[PDB]
Amino acid sequence: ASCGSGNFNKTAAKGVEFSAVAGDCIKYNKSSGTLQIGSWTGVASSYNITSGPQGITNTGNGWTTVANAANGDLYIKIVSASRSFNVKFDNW
Ligand SMILES: OC[C@H]1O[C@@H](O[C@H]2[C@H](O)[C@@H](O)[C@H](O[C@H]3[C@H](O)[C@@H](O)[C@H](O[C@H]4[C@H](O)[C@@H](O)[C@H](O[C@H]5[C@H](O)[C@@H](O)[C@H](O)O[C@@H]5CO)O[C@@H]4CO)O[C@@H]3CO)O[C@@H]2CO)[C@H](O)[C@@H](O)[C@@H]1O
Ligand SMILES: [Gd]
Ligand SMILES: [Gd]
Ligand SMILES: [Gd]
Ligand SMILES: [Gd]
Ligand SMILES: [Gd]
Ligand SMILES: [Gd]
Ligand SMILES: [Gd]
Ligand SMILES: [Gd]
Ligand SMILES: [Gd]
Ligand SMILES: [Gd]
Ligand SMILES: [Gd]
Ligand SMILES: [Gd]
C-alpha cells in the first residue's frame with residue numbers, strides 16, 4: 001500500500017540502526033543537509049520517498065546519498081528487499 005503520515009509503521013532516529021523489511025513505511029525527520037541511507041547486511045533494498053525521490057537503491061554494503069529529499073518529516077517506503085536487514089537513516 002501507500003506510505004505516508006497516516007500509516008507509517010516505524011520511526012527512524014538519526015544514525016540509529018533498526019531492522020527493516022520490504023513494505024515498511026518509515027517516518028524520518030531530516031532537520032537539514034542531505035539524506036543518507038546506510039546498510040551493511042548485504043541485502044539489496046530500494047525506497048520511494050512520499051512526494052519525493054523515487055527508485056532509491058542500496059546494495060547493503062554502504063551509504064546511499066539521496067539528493068533533493070526535503071527537510072522535515074519524510075515518509076520512506078521500502079519497496080524491495082529479499083529479507084529483513086539492518087538499516088540507518090542519517091543526514092549531513
Ligand atoms: O559536521 C559538519 C560537516 O559534516 C560533514 O558530514 C560528515 C558527517 O558528520 C559524518 O558523520 C559522515 O561520516 C560518515 C562516514 O562517511 C561513513 O563512512 C560512516 O559509515 C560507517 C557507519 O556509520 C557504520 O555504521 C558502518 O559500520 C559497519 C561496519 O563497517 C561493518 O564492518 C559492520 O559489519 O557493520 C557495521 C554497521 O553495523 O561503517 C561505516 C563505514 O564502513 O558513517 C559516518 C557517519 O556515522 O561524513 C560526513 C562527510 O562525509 C559534511 O560533509 C560537511 O559538509 C559539514 O560541514
Ligand atoms: Gd500514531
Ligand atoms: Gd550494531
Ligand atoms: Gd537483529
Ligand atoms: Gd553538503
Ligand atoms: Gd515534494
Ligand atoms: Gd560515499
Ligand atoms: Gd510535514
Ligand atoms: Gd512534524
Ligand atoms: Gd514532529
Ligand atoms: Gd523474500
Ligand atoms: Gd550488528
Ligand atoms: Gd550535523
# chains A, B, ... in the order shown; residues from 1 in each chain; ligands from 1

$ closest_atom_pairs --of "chain A" --to "ligand 2" --cutoff "9 Å" --atoms "only C-alpha atoms and all ligand atoms" --output "CSV"
residue,atom,partner,partner_atom_place_in_ligand_line,distance
A:5,CA,ligand 2,1 (Gd),8.7
A:6,CA,ligand 2,1 (Gd),7.8
A:7,CA,ligand 2,1 (Gd),8.1
A:8,CA,ligand 2,1 (Gd),8.3
A:9,CA,ligand 2,1 (Gd),8.8

$ residues_near_ligand --ligand "ligand 13" --cutoff "12 Å" --atoms "only C-alpha atoms and all ligand atoms" --output "ChimeraX atom specification"
/A:14-15,30-36,90-92

$ write_last_selection --atoms "N, CA, C and O atoms" --output "PDB file, in the first residue's frame"
ATOM      1  N   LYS A  14      17.927   9.478  13.911  1.00  0.00           N
ATOM      2  CA  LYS A  14      19.131   9.812  13.159  1.00  0.00           C
ATOM      3  C   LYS A  14      20.307   8.960  13.613  1.00  0.00           C
ATOM      4  O   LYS A  14      20.688   8.970  14.791  1.00  0.00           O
ATOM      5  N   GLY A  15      20.866   8.204  12.668  1.00  0.00           N
ATOM      6  CA  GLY A  15      22.042   7.392  12.895  1.00  0.00           C
ATOM      7  C   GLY A  15      21.822   6.092  13.632  1.00  0.00           C
ATOM      8  O   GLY A  15      22.809   5.422  13.965  1.00  0.00           O
ATOM      9  N   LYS A  30      14.312  14.837   8.778  1.00  0.00           N
ATOM     10  CA  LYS A  30      15.615  15.369   8.365  1.00  0.00           C
ATOM     11  C   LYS A  30      15.657  16.856   8.673  1.00  0.00           C
ATOM     12  O   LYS A  30      14.983  17.655   8.012  1.00  0.00           O
ATOM     13  N   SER A  31      16.486  17.240   9.640  1.00  0.00           N
ATOM     14  CA  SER A  31      16.483  18.627  10.081  1.00  0.00           C
ATOM     15  C   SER A  31      17.201  19.539   9.101  1.00  0.00           C
ATOM     16  O   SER A  31      16.876  20.722   9.019  1.00  0.00           O
ATOM     17  N   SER A  32      18.176  19.021   8.359  1.00  0.00           N
ATOM     18  CA  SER A  32      18.980  19.832   7.457  1.00  0.00           C
ATOM     19  C   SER A  32      19.855  18.893   6.625  1.00  0.00           C
ATOM     20  O   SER A  32      19.879  17.674   6.835  1.00  0.00           O
ATOM     21  N   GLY A  33      20.602  19.484   5.687  1.00  0.00           N
ATOM     22  CA  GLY A  33      21.562  18.709   4.930  1.00  0.00           C
ATOM     23  C   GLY A  33      20.937  17.723   3.951  1.00  0.00           C
ATOM     24  O   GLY A  33      19.824  17.906   3.433  1.00  0.00           O
ATOM     25  N   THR A  34      21.668  16.636   3.710  1.00  0.00           N
ATOM     26  CA  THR A  34      21.336  15.660   2.673  1.00  0.00           C
ATOM     27  C   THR A  34      21.052  14.302   3.303  1.00  0.00           C
ATOM     28  O   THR A  34      21.856  13.808   4.096  1.00  0.00           O
ATOM     29  N   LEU A  35      19.922  13.688   2.924  1.00  0.00           N
ATOM     30  CA  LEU A  35      19.569  12.366   3.448  1.00  0.00           C
ATOM     31  C   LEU A  35      20.587  11.310   3.034  1.00  0.00           C
ATOM     32  O   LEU A  35      21.055  11.307   1.893  1.00  0.00           O
ATOM     33  N   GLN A  36      20.875  10.366   3.951  1.00  0.00           N
ATOM     34  CA  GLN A  36      21.742   9.226   3.688  1.00  0.00           C
ATOM     35  C   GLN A  36      21.039   7.971   4.181  1.00  0.00           C
ATOM     36  O   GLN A  36      20.446   7.992   5.263  1.00  0.00           O
ATOM     37  N   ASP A  90      20.281   8.845   8.078  1.00  0.00           N
ATOM     38  CA  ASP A  90      21.093   9.914   8.649  1.00  0.00           C
ATOM     39  C   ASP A  90      21.030  11.112   7.707  1.00  0.00           C
ATOM     40  O   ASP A  90      20.396  11.070   6.647  1.00  0.00           O
ATOM     41  N   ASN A  91      21.678  12.204   8.111  1.00  0.00           N
ATOM     42  CA  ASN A  91      21.742  13.360   7.234  1.00  0.00           C
ATOM     43  C   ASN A  91      22.976  14.156   7.611  1.00  0.00           C
ATOM     44  O   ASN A  91      23.303  14.274   8.798  1.00  0.00           O
ATOM     45  N   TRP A  92      23.657  14.687   6.597  1.00  0.00           N
ATOM     46  CA  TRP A  92      24.802  15.570   6.824  1.00  0.00           C
ATOM     47  C   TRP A  92      25.103  16.371   5.569  1.00  0.00           C
ATOM     48  O   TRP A  92      24.401  16.241   4.562  1.00  0.00           O
TER      49      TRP A  92
END

$ residues_near_ligand --ligand "ligand 3" --cutoff "10 Å" --atoms "only C-alpha atoms and all ligand atoms" --output "PyMOL selection string"
chain A and resi 16-18+40+86-87

$ write_last_selection --atoms "C-alpha atoms" --output "CSV table (one decimal), in the first residue's frame"
chain,number,residue,atom,x,y,z
A,16,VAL,CA,20.3,4.6,14.8
A,17,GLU,CA,20.1,1.2,13.1
A,18,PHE,CA,16.8,-0.7,13.1
A,40,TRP,CA,25.8,-3.4,5.9
A,86,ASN,CA,19.5,-3.6,9.4
A,87,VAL,CA,19.4,0.0,8.1

$ residues_near_ligand --ligand "ligand 11" --cutoff "8 Å" --atoms "only C-alpha atoms and all ligand atoms" --output "number ranges by chain"
A: 81-83

$ atom_distance --atom1 "atom CA of residue A:4" --atom2 "atom CA of residue A:80"
17.1 Å

$ closest_atom_pairs --of "chain A" --to "ligand 9" --cutoff "8 Å" --atoms "only C-alpha atoms and all ligand atoms" --output "CSV"
residue,atom,partner,partner_atom_place_in_ligand_line,distance
A:29,CA,ligand 9,1 (Gd),7.7
A:72,CA,ligand 9,1 (Gd),6.9
A:73,CA,ligand 9,1 (Gd),5.8
